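K.L.:
Fold the following, please.
(chains A and B, ligands or ions: 1)
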Amino acid sequence: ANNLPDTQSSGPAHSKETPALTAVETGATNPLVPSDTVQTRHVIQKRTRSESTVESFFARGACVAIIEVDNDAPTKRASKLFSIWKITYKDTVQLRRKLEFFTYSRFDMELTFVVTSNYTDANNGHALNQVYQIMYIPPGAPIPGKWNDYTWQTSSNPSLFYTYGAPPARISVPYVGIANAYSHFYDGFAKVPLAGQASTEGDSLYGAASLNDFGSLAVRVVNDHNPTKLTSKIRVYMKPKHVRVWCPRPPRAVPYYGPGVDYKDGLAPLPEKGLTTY
Amino acid sequence: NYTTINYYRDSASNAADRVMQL
Ligand SMILES: CCCCCCCCCCCCC/C=C/[C@H](O)[C@H](N)CO
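P.N.:
Numbers count the residues shown, from 1 in each chain, chains lettered A, B, ... in the order given. Okay, here it is:
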């Protein structure tokens, strides 16, 4: 984040000290500077690594979900009057890759909700401004089965009531991990199968645990239905704040295939170029 | 001892290891 070191002038050298020659077998990166191999002038460095900080790298709102809801009528079976979305950053790739640069992370989160609505037909009248309810459902809490069941009382569940046309809604969340850091990767299982029990029992998905269980968001339109159908989409933008990260990893090189590290397609990411072609 | 005296102007007339980086 802070200023880089200056460059010191270097003249000709004739000595038994050989910074150029090293041994990478040790696993240590040679900390050479230009003045070690070539003659250098004095440069008072003014560049800084301020935008390379882990905070800056993640200080952007990244779309992570597009939740679709409808306001048509209870009778219509093809219209989804409410939508439940499991909270995760793995429905999108860009933030997922930036995060999976690191094994562990710990950060507060900022959720911004951009709601856009539209008509689906013209010859059924018009609609009044809609209010959307976004109810956070932590794991274990009752999940709505209908758009107007008791669960939406939100006596305890945090809930956001957004008026259409208002600026995108926004909330902040502290670090809510049950562990001391978020696990981008979990090399293990939630169950250990025990000798004796049937192959059906004890079988758990690889890499899946309750560390990444954060509940879901239930989104509905609070208004009663107008004689015409209205389709709305809530876009969720996640911004990490106060980011700490641990154990850097090589970034994803091939397309993601599911919530894990599985790959199936695009296994040839590199193009063809001659060895002696510039 | 011996004595020497010059009798002329012009003095011509007087009597007679392995690792290295460059
Ligand atoms: C006010 C009601 C709706 C809005 C409130 C929803 C709160 C949900 C926040 C806690 C769950 C998400 C916490 C962070 C998500 C992932 O773990 C991180 N991307 C991990 O890297």
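K.L.:
what residues does chain A put near the ligand?
P.N.:
A:87, A:89, A:99, A:105, A:109, A:111, A:134, A:136, A:158-160, A:171, A:173, A:176, A:182, A:214, A:217, A:238 (C-beta under 6 Å from any ligand atom). In short, each C-beta sits where N, CA and C put it, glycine included.
K.L.:
redo that, cut-off 8 Å
P.N.:
A:64, A:87-89, A:95, A:99, A:105, A:107, A:109, A:111, A:113, A:134-136, A:138, A:157-160, A:171, A:173, A:175-177, A:182, A:184, A:212, A:214-215, A:217, A:238, A:240 (C-beta under 8 Å from any ligand atom).
K.L.:
Among the residues you listed, which lie within strands?
P.N.:
A:64, A:105, A:107, A:109, A:111, A:113, A:134-136, A:159-160, A:171, A:173, A:182, A:217, A:238, A:240 (DSSP state E).
K.L.:
hang on, the earlier thing: show me which of the residues of chain A next to the ligand are buried.
P.N.:
The neighbour count (16 or more other C-beta atoms under 10 Å in any protein chain shown) marks A:64, A:87-89, A:95, A:99, A:105, A:107, A:109, A:111, A:113, A:134-136, A:157, A:160, A:173, A:175, A:177, A:182, A:184, A:212, A:214-215, A:217, A:238, A:240 as buried among the residues of chain A next to the ligand.
K.L.:
which residue is nearest the middle of chain B?
P.N.:
Nearest to the geometric centre of chain B sits residue B:16, at 9.6 Å (C-alpha atoms, centre = their mean).
K.L.:
Distance of that one relative to the ligand?
P.N.:
99 Å (C-beta to the nearest ligand atom, to the nearest Å).
K.L.:
And that residue, which helix or strand is it part of?
P.N.:
Element membership for residue B:16, per DSSP states H and E: none, as it lies in no helix or strand.
K.L.:
mind checking how far it is from chain A?
P.N.:
Applying C-beta to the nearest C-beta, to the nearest Å, the value for residue B:16 to chain A is 45 Å.
K.L.:
which other helices and strands contact the host helix or strand of residue A:117?
P.N.:
In this structure, residue A:117 sits in strand A:102-119 according to DSSP H and E. Judged by 3 or more C-beta pairs under 8 Å, 6 or more residues apart in numbering or on different chains; DSSP states H and E, the packing partners of strand A:102-119 are strand A:159-163, strand A:169-173, strand A:182-183, strand A:230-248.
K.L.:
Now do the first one: which elements does it pack against?
P.N.:
Which is strand A:159-163. strand A:102-119, strand A:131-137, strand A:169-173.
K.L.:
now the end-to-end length of stretch A:37-57.
P.N.:
32 Å (C-alpha to C-alpha, to the nearest Å).
K.L.:
buried residues in that stretch?
P.N.:
residue A:54.
K.L.:
Whether that stretch contacts chain B - can you check?
P.N.:
No - under the criterion of C-beta under 8 Å from any C-beta of the partner chain, chain B is not reached by stretch A:37-57; the shortest gap measures 10.6 Å.
K.L.:
So what's the gap between that stretch and the chain middle?
P.N.:
The chain centre lies 29 Å from the centre of stretch A:37-57; the measure is C-alpha atoms, centre = their mean, to the nearest Å.
K.L.:
Bridge partners for the residue in the stretch 1-150 of chain A that the ligand sits nearest to, pull those for me.
P.N.:
Closest to the ligand within the stretch 1-150 of chain A is residue A:136: 3.6 Å, counting by C-beta to the nearest ligand atom. Residue A:136 has these beta-bridge partners by DSSP bridges: residue A:217.
K.L.:
List, one by one, the residues from chain A near chain B.
P.N.:
A:13, A:14, A:15, A:16, A:18.
K.L.:
Give me the secondary structure label for the first one.
P.N.:
Right, residue A:13. Taking DSSP: H, G, I helix; E, B strand; the rest coil as the rule, one finds residue A:13 in the coil state.
K.L.:
That one: what's its closest spatial neighbour, skipping adjacent residues?
P.N.:
Nearest residue to residue A:13, sequence neighbours excluded (C-beta to C-beta, 6 or more residues apart in numbering or on different chains): residue B:21, at 5.9 Å.
K.L.:
Show me how far the strand holding residue A:117 is from its chain's centre.
P.N.:
Strand A:102-119 sits 8 Å away from the centroid of its parent chain (C-alpha atoms, centre = their mean).
K.L.:
just stretch A:196-209 next, same as before
P.N.:
28 Å.
K.L.:
Count the residues that sit near residue A:131.
P.N.:
14 (other C-beta atoms under 10 Å in any protein chain shown).
K.L.:
quick one, what contacts it?
P.N.:
A:161, A:162, A:163, A:164, A:221, A:222, A:223 (C-beta atoms under 8 Å, 6 or more residues apart in numbering or on different chains).
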